[PDB]
Ligand code: CLF
Ligand code: CLF
Ligand SMILES: [Ca+2]
Ligand SMILES: [Ca+2]
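Residue numbers (full-length UniProt numbering), protein chains in the order written: chain A, 5 to 480; chain B, 5 to 480; chain C, 2 to 523; chain D, 2 to 523.
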């Protein structure tokens, strides 16, 4: 009930000191589907309170980790000490096709590897030496990007000049990116720093080139990172509907695809938070319109295929119907097999920006109810979009601390919890089935129709696995 | 010294009860290279004293295990209870080339699998049913053989009739073989039972057939079982010398090769004990002469290649010299690398019939001295051949008991011991390097020039392995 | 030819061109081999459903059995006792085979002796061999006890073991007092497990039958544990460790762990550890006797219930999470001792490993074989893991056991595609993996060959073999593993999930083909 | 499309023809990919000697490092203490990354907190975050102790930890008495091992520095053991077990084993076990302090020798037969307690396993990498096994260490082809395995990719990766293994011999091609 959820939020906040408690209450809200504006309900994207165990990453993770890293052709140098590159290597499954170390470099870790000499003297000379070295060793790379670690902003290193000078020397595009971890308050500013970086150094290269032939049906998937091959499953559906996909941002992406993006007629934006900055820019500079779409679950996909097709002519609209017709028996077969298995089961979700709101339809497509949801670093426009999707009196949390999350879960008692890797081991111990939302627990893809069968199957094996019955010892 | 060895033998025999002690002394001798006849020195091939842990196998092992099992095309049925076939399956490495279970069946275990109904009623009806079953399931087999386990002789089963009647029905050769374990006193009578079986049921089939074209250079390797590919390495040398090898008995053998054997001009006999019975028979029936040859170590091989070539014309003799010329730099290189490593090291060997005497030249080629040697089931003619090869006052044992062997080794204290699997673990514990002579410790081949490199390398790694230094704990 | 710097063993020596040419010439010249097309045609035929039917129709021919004879079972059990020498009455070739089969699996010396009965011994009987054998063996090896078992030749001719042993003592060959328990062990009847059961009831019966009046149940306050035929050292070790952890007093009858595991310290030990004669004599004084592998311990259950009056609890082999909980709770009820905090922690960890590895394990299909208790235990555990065992084969199993397993399978939604086969060999299983394909095969080294055959049909049709079971000869020291208890469950869980992950890596290792799924973190 | 009966995951879903066609269209249409021939020409180029020289010529670019930063080292050590919460002063993204790297390797929850310093915090300093952070963290997680470490942003701006922590207490944010040991841990200097060393000397220094007069050496009659940075639970467990077996009293400083291994029993435990504060305070009273991994324990050696006056024995990490013997004898000399019969038997068994598996292991060539102590220990062991370690690489190693290792290699006839490289990454190693080929690679999960590259050149050129080390993310529960002691040696020996046998089987599994050598018994 609303009074009960409100009491639960108040009850939990009692443990925190006053500055932290006062700030946190602004981040916890009982959801009202009716409210138009998020700010009345919840406040978000504010610096995290220290010592409370926030799940948030840094700006480097948002820029190097999510937008830039997935491009296959280019090489990304983590600039600074050895650790950031190391922890983040091959961490995220932005799937790609290529010959690694020869033409594609995604799983590879490239670093300046700062030592103290570099911190005292500075890293520019080294970055230039590293750029020259990168070039002799890996001759087929199509670009280079420098992702700034925290020490770069602090020691006064100018990477723009090195990037500009070397790029000119090598006739190669080098993108300096200032995603220092201290900048911003979450993985979020890094998306913006990364998006802006893409726009200043790589978007306008084929500004005057008219050689590529473009059909009126050309479209670019923006903000789909192909985790587990999500983009590929999403991509085949758009192609079957008759649209041509020129570019993917940035999963399994190539710099050539990105440079060819402005040529496209429409931009389909899957992840609003990460790449909306670039989408708005493209609409202002090139006039290309952008529409948010959802491919999780058969209902959102059908609704999404239908909306995208309307923006096009009747042949496309007709093709859209054939495809929905084609995969209808496949998806309903999945629903028939797994809905009886997952029906009425309550779900709690914590993820960073796009997914807490987005996977709701799929869960509901399986008869699961999402009791509560939250975001690691989402803005209020994200929250505006969220409440309509969330049911009434359901719990909403922004930048939930670890302590708050355990307490909410103990009270609420959800059947299944979808969250990241740090959160997962605590819950399994608690006996609550856990599915990792970020990595799709090494499964996927979860996008599209093909993705939905994997998703239903995954929720069902984890939720109903025999291991949950076995936790209390028989001898009391 | 001779007095010391003689005392050692007397000293060991003190533990045994009188009937056993009286009998055993006949089997232990201090070697005199001078003596022409073995019987003065040692007695052999007598029933083993009970409870003394003799290393000897049964007649089934000699017939099924050594002569028959290696033929690739034919299927061998272990007739009787399930155990004999099971313990012996894929135990011995008689290497062969074929598609197993389809055209070649060596590693496969085929059994009548007697239960009590069979022991009470008898197994003939079952053997016939098994023969019919064998035929439908494995259509490309070129023959069938029935190896009698111990219960066959005892229960009064007549396998000759079933073999004769089915063979006639299937127009397939079925060879009944009476290698009941109780018959004989060692793996030895089995060879004879097996040899005689081959001669009555398979040798004379192409008695009147003259279609196969035969050169004067045709020869058959008799008694080389291709352990670790020994025959193949031996075979390539004879082929390079210009001789043509029609048949191999019985390693990597085929029934077609055996039936074509009598067409050959000369029979080269590697293992005297196992197939001398067949060799003599061939000389009496077909007039084909047989000569014993040794391929272990460069000296025996050169001496052997030379002898075989003399039995042929000058072109062959000339070719023999080219080959010795060709492999001379290879073998001497091995000697140069490994002799300094193995020089002056004393060796003790216990093996069943051909090898104790035969590998002596190879060890000496490496500078190793064989202090003592014995045989599991060797006849006296085998012992007649042995003393010339063995040095003076060296220890000789026939059907050595386990207790006798440990005591002899503790006193003599050899650097390395070559013997079988049962003997190996006891010695390693004692800290004495052990090499298995039967299976070449899963290495080989040890035959020929190519085989010799593997052999020198093998003695060297085991004898000089760092693990022997490590046995006593540092804290005293 | 050999480069002395890098010498080549059979493989890849024969891979050389001169040898390849030679073999071909040999094959073309004298082998009279069927064409490769025919061989191919026949091979594809065996992979089919039509062939499986003819193959499953066999009534007289056994191909590639999953069972061995009784004396093997008897020699292993005899090895469990202190300063005890296994002695087998009958022909010698059997002893050589038992020692070698054991030597290879344990990579340890195995001591065994035979009275060496011959053809002549066949007409007269086994009386001389037994007197001389008993006399010679005792003088030579100094065993405290000699336990007699018999080979099939002896069983068919019908030598009386009891009469022979008594006359040996009576005639003065060996002392009257020297222990000589004996058990008839027909190879045609049963398997090595039955062979193990017979030897044990015989040893238990010899020590405890004459004196029962003095014995009173529960007087010594220890629980007798009878292992059954066991080839994993960790099992003997784990059962002892947990009872020890719980504080429960116990007697493990037939413990072959010290002897099968003696140190290489420069001295050879023929005998190490073992169950003491006194432990065997004072056994009826236990509160209760627990049998670890009940399916092959039936004769022993009859002697222990009837003679010692112990009410043996019905417990399944302590494999998996549920069975081990049941064994511990039961020991707690018999002992009166509580299950300690330490053990409850171990169970927690097993569950944590189960929750941690469940996604990879779920839905995996397995074809497995072995002795009945072990297979039964494994089947129960895989279902607890949510894996799907498609083909279950026990060669030496029976109707009651099959009934027992089907019940287990029926209890779990996971056991739906599962089918139990008994009296069927590995040749039958080969057919099963080819017609209905399991993801994996759990079994002994004999399955190396089934795997080889499947890879032959295709890469995609190959079923990797995971080795758990006996005998294992192609890998080293696996006999040091544990399958019983939480520890055993943990070992089994790690091997299966890692076997599955190892396979996924192989499949996704192709460059720019399947490497998209060749993930760093799984 | 998906058949609901058998759903396909990424692999082999993308292997479907519709998807394959789509990807190709995508590649041809928009990717502007270099021709496959060019990609092939370039890939064959990297496998060469010429490329290795340019690759080894690098002075500024690091590709695929084998080392991580300091705070990782600091967080792990802080985890060793009871009711202790690791706290890292600096930016938050680092904490998320440490928890995740640890979570994946241990598949267990990892608790860590940050004060969350921002851009604004960069100009002003880390003072507010430290007061609020210390106050908030204590109120929320109730840790008995909070141990501070710092992220590079903090190190570069220069926040004073000692001043900040004192002012926090002085201003009243946290009690004066509440323990708050702190260690500066610059990511640019060193590695996670150095990070671990700093955190430990700091914790040890905080508890024991002010009071040393009362402390008298050898008064408590226990031996302090400092583990160093360790990711294998078996290692903490084995060291304790042997000391316990020996009867030696001991204090393990920084024991993270209970917390990294808590049971899933329905309740989440943030804190479990750990080294007690009193254990740390009473430490100087030990007879002596033994450091398990001396190479990264240099700062702690200086504090312990200088302040506590303990004469730390020079002992190598107890890996292998000889180093374990040395560790035990040394403990015996310090404790005064004898090495028990039980431990001597274990050593016996290790040797027996060594004699048993020597022929397969002999002469095998290995390329291996890791932290310096572990690598050093592994190299010593391989040589003890007669294996040949061709390429030894320690990224975070040094000149003294390299000198120490070369000495070890010089002592054995086995280390002839061996070469030690320091400061060289996995990219360097990839080149090495391609130019001079090892039979095997021993290392962490990062080598899965080197293996993939080799198989790409060809089947025969592939170097299978054997995983021992940290981090291991593609296999489950390997962190439960042991590398220390006899037990550790046994585990390592079994993995190496079996890795070798597993590979031989794969190579000889081809039908009528190489199966002649596909033996049942090995
Ligand atoms: S001498 Fe075979 S293992 Fe033995 S008890 Fe019989 S079933 Fe069993 Fe020779 S023929 Fe064979 S090998 Fe022995 S067994 Fe007889
Ligand atoms: S916020 Fe990198 S792990 Fe950290 S202490 Fe620095 S070297 Fe080490 Fe962000 S940019 Fe990176 S991820 Fe952190 S580190 Fe800064
Ligand atoms: Ca051994
Ligand atoms: Ca865990």
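Ideal placement from N, C-alpha and C gives every residue a C-beta, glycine not left out.
Taking the DSSP output, what are the residues bridged to residue 366 (chain C)?
Start at 1 with the first residue of the third chain, and residue 366 (chain C) comes out as number 365. Paired residue(s): C:389.
Using only alpha-carbon positions, find the residue among C:110, C:300 and C:37 that is nearest to residue 513 (chain D).
Within the fourth chain, the letter at position 512 stands for residue 513 (chain D). The residue among C:110, C:300 and C:37 with its C-alpha nearest the C-alpha of residue 513 (chain D) is C:37.
Relative to ligand 3, what is the chain-ordered list of residues with a Cβ closer than 5 Å to any of its non-hydrogen atoms?
C:108, C:109, D:353 and D:357
Under the three-state reduction of DSSP, which class applies to residue 373 (chain B): helix, strand or coil?
The count along the second chain starts at 1 and reaches residue 373 (chain B) at position 369. Reduced to three states, the DSSP call for residue 373 (chain B) is strand.
For a cutoff of 7 Å on Cβ pairs, would you count residue 442 (chain D) as touching chain A?
What you label residue 442 (chain D) is simply residue 441 of the fourth chain in a count that begins at 1. It does not: the Cβ of residue 442 (chain D) has no partner Cβ on chain A nearer than 7 Å.
Taking only beta carbons into account, state which residues of the region 51-72 of chain D come closer than 7 Å to chain A, listed in chain order.
55, 56, 59, 60, 61, 62, 63, 64, 65, 66, 68, 69 and 70
Is residue 185 (chain B) near residue 38 (chain B), with beta carbons less than 7 Å apart?
Working through the second chain from its first residue, we reach residue 185 (chain B) at position 181. Working through the second chain from its first residue, we reach residue 38 (chain B) at position 34. No. Outside cutoff.
Under three-state DSSP, which class holds residue 32 (chain D)?
The residue given as residue 32 (chain D) occupies position 31 in the fourth chain. Of the three classes helix, strand and coil, the one that applies to residue 32 (chain D) here is helix, per DSSP.
To the nearest angstrom, how far is it from the Cα of residue 269 (chain D) to the Cα of residue 431 (chain A)?
What you label residue 269 (chain D) is simply residue 268 of the fourth chain in a count that begins at 1. What you label residue 431 (chain A) is simply residue 427 of the first chain in a count that begins at 1. When rounded, the distance between both Cα atoms is 7 Å.
How big is the Cα-Cα spacing for residue 167 (chain B) and residue 164 (chain C)?
On the second chain, position 163 is the one that residue 167 (chain B) refers to. On the third chain, position 163 is the one that residue 164 (chain C) refers to. Whole-angstrom Cα-Cα distance: 40 Å.
Does any heavy atom of ligand 2 sit closer than 6 Å to the C-beta of residue 463 (chain D)?
Locating residue 463 (chain D) in the fourth chain gives position 462, counting from the first residue. Result no, Cβ not under 6 Å from ligand 2.
Would you kindly work out how many angstroms separate the C-alpha atoms of residue 139 (chain D) and residue 57 (chain A), rounded to a whole number?
The count along the fourth chain starts at 1 and reaches residue 139 (chain D) at position 138. The count along the first chain starts at 1 and reaches residue 57 (chain A) at position 53. So the two alpha carbons sit approximately 12 Å from each other.
So residue 465 (chain A) contacts chain C; which residues on that side make the cut at Cβ distance below 9 Å?
Here residue 465 (chain A) refers to the residue found at position 461 of the first chain. Contact note: residue 465 (chain A) reaches chain C through 359, 360, 363, 364 and 387, using a C-beta cutoff of 9 Å and chain order.
For a test of your reading of the model: does the CB of residue 64 (chain B) fall under 6 Å from any non-hydrogen atom of ligand 1? Yes or no.
In the second chain, counting from the first residue as 1, residue 64 (chain B) sits at position 60. Yes; taking the cut-off as 6 Å, the Cβ of residue 64 (chain B) has a heavy atom of ligand 1 nearer than that.
Under a CB-based cut-off of 7 Å, is residue 264 (chain C) close to chain D?
Here the question's residue 264 (chain C) lines up with position 263 in the third chain. For residue 264 (chain C), the answer is yes, since a Cβ of chain D falls inside 7 Å of its Cβ.
Residue 161 (chain B) and residue 127 (chain B) look like a contact to me (Cβ under 8 Å); what is the Cβ gap, rounded to whole Å?
Taking the second chain and counting its residues from 1, one reaches residue 161 (chain B) at position 157. Taking the second chain and counting its residues from 1, one reaches residue 127 (chain B) at position 123. The pair is a contact, with the Cβ atoms about 5 Å apart (cut-off 8 Å).
Any residues in the region 467-478 of chain A with a beta carbon nearer than 7 Å to a beta carbon of chain C? Which ones, in chain order?
469, 470, 471, 474, 475, 477 and 478
If you measure from the CB of residue 156 (chain C), is any heavy atom of ligand 1 nearer than 6 Å?
Along the third chain, read from residue 1 onward, the residue named residue 156 (chain C) stands at position 155. Not under cutoff, so the answer is no.
For residue 535 (chain C), I'd like the list of residues in its chain whose CB is within less than 8 Å of its CB, leaving aside the five on either flank, ordered along the chain.
Beyond the ends of chain C as shown, which are 2 and 523, falls residue 535 (chain C); an answer cannot be given.
Report the rounded CA-to-CA distance for residue 229 (chain D) versus residue 78 (chain D), giving the unit in angstroms.
Within the fourth chain, the letter at position 228 stands for residue 229 (chain D). Within the fourth chain, the letter at position 77 stands for residue 78 (chain D). C-alpha separation (whole angstroms): 8 Å.
For residue 209 (chain C), which residues from the same chain have a beta carbon less than 8 Å from its beta carbon, with the 5 sequence-adjacent residues on both sides left out?
Position 208 of the third chain, counted from the start, is the residue given in the question as residue 209 (chain C). Within the same chain, residue 209 (chain C) has close Cβ partners 216, 281, 282, 284, 285, 308 and 309.
Using a Cβ cut-off of 7 Å (strictly closer), state whether residue 116 (chain D) contacts chain A.
Position 115 of the fourth chain, counted from the start, is the residue given in the question as residue 116 (chain D). So yes, residue 116 (chain D) belongs to the interface.
Would you decide whether residue 208 (chain A) is buried or exposed? Buried here means 16 or more other CB atoms lie within 10 Å of its CB.
Numbered from 1 along the first chain, position 204 holds the residue referred to as residue 208 (chain A). Exposed.
Between residue 188 (chain D) and ligand 5, is the CB less than 6 Å from at least one heavy atom?
This structure simply doesn't include ligand 5; it includes ligand 1, ligand 2, ligand 3 and ligand 4 instead.
Give the straight-line distance between the Cα atoms of residue 411 (chain D) and residue 441 (chain D), rounded to the nearest whole angstrom.
Looking up residue 411 (chain D) in the fourth chain gives position 410. Looking up residue 441 (chain D) in the fourth chain gives position 440. When rounded, the distance between both Cα atoms is 22 Å.
What residues from chain A crowd round residue 140 (chain D), counting only those whose CB sits closer than 7 Å?
Residue mapping note: residue 140 (chain D) aligns to position 139 of the fourth chain, counting from 1. Per Cβ cutoff of 7 Å: 19, 20 and 21.
Determine the extent of the alpha helix (DSSP H) in which residue 255 (chain D) is found, giving its start and end residues.
The residue you call residue 255 (chain D) lines up with position 254 of the fourth chain. First-last for residue 255 (chain D): undefined, no H or E at that position.
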